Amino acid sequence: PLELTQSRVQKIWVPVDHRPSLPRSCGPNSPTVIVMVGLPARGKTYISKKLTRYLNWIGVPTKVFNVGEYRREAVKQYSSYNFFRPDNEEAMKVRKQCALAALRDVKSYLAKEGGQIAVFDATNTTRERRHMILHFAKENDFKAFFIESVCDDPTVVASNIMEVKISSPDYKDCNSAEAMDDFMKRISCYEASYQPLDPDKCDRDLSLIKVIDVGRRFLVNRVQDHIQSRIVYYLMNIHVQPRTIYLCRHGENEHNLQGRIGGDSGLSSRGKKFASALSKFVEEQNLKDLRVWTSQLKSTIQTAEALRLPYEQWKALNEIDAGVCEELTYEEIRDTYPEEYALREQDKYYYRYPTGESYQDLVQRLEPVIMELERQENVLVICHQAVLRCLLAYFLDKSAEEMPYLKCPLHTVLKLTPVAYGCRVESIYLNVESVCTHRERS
């Protein structure tokens, strides 16, 4: 009775599966359609992309279905705002067909591809369009959650057009002035039929969030579940204010020199040289304010000590726990635990060290770090190889499969600048020698 076995890769206790002669599968909670609402240049695509990046990173399979991309596919080349005219009978039919084709792909993603969240990125400015999306959701047993972005500031609208609209494939043959002018006319095509969400009377029973004036204010109505609550929390923590995220590892430590994993060793002579080089680098950046974050492990704290700046220690930033393999070299791991060594090499993201962690566990631990990084402005995170790969995979939208192999060398600062729909990444090697701890897949 109650016989369990521990799965070799993830180390999960499962009931001993003495399946009968005819083993049965029973494969595989309700998926969600996130409905973007609002006029063009309201940051709907920005919200869609960023939210999808966060949801995928935390392990919720998410995909964006942008109706404009279906339109660029159906219609050869973009001519002008005339395509978006309410009196353009033909283009209105094409645009409806594109929205229906995107919804068809939403159904296939959620019901047949193991997707959990589909972000329907369109204007969805009319009650008619939204009623149709609701009908589609109800008939397919999908939940519907509306995210409306409301902003009437012309400075914000002009900034969005300049930052990411003029550079759109639609405006390839256009100069900045013509593209901006055409886009303003394009916005005007949607203004007459636009019916904002009304949670007070009409949309009282809908699950929604109204993001007002670039996240200055929020109207939240009927949050049904865990995932909607998480989305709301995320939207309330992110901002579009300019800032820089600097990510680096502690300076080279004594375990690095011996080729040993984990432990709590101190900086080597080179590691101390990096720490001084980092102080000079930080000083040269001339940042008004800078928050410095470290792990609770000695090597990151010693590195921060060289900066002569206040810093905060996070236990969540501590290197991946290697369990029984802590303080061992990779050669000693292969010779003492050959089965464990091979299992990790085959499934590096999901592999859990015995009495230790996986990269998957790291993500769960680092979620509060990410949420706080979003809230903050200029931040320097002094951490460890596996922790750094996880954070970098979040900022650079890298998959779980690529994450354990991202290059994060010692004595090198990764300068992240948020621009358009992601991060510009600059690498700055601080000219101090160290050992190489990067190991490619085999």
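One rule holds for the numbers: they count along the sequence shown, beginning at 1.
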Is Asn431 one of the residues left unmodelled in a third or more of the other entries compared? no
Is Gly422 unbuilt in at least a third of the other PDB entries compared? no
When the Cα temperature factors in the entry are averaged, is it 292-300 or 124-132 that ends up higher? 124-132
As the entry reports it, the stretch among 422-430 and 15-23 with higher mean C-alpha B factor is 15-23
I'd like to know which of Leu317, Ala158, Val220, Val119 has the highest C-alpha temperature factor in the PDB entry. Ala158
From the list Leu103, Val363, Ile209, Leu257, select the residue with the highest C-alpha B factor recorded in the entry. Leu257
Among all modelled residues of this chain, ranked by Cα B factor, put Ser188 in the bottom, middle or top third, i.e. lowest, middle or highest. highest
Pull the Cα B-factor of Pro310 out of the PDB entry and bin it into the chain's lowest, middle or highest third. lowest
Compare the C-alpha B factor of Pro31 with those of the other modelled residues in its chain, then answer lowest, middle or highest third. highest
Would you please rank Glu372 by its C-alpha temperature factor against the other modelled residues of its chain and give the third it falls in: lowest, middle or highest? lowest
Quick check on the deposited entry: does the C-alpha B-factor of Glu327 sit in the lowest, middle or highest third of its chain? middle
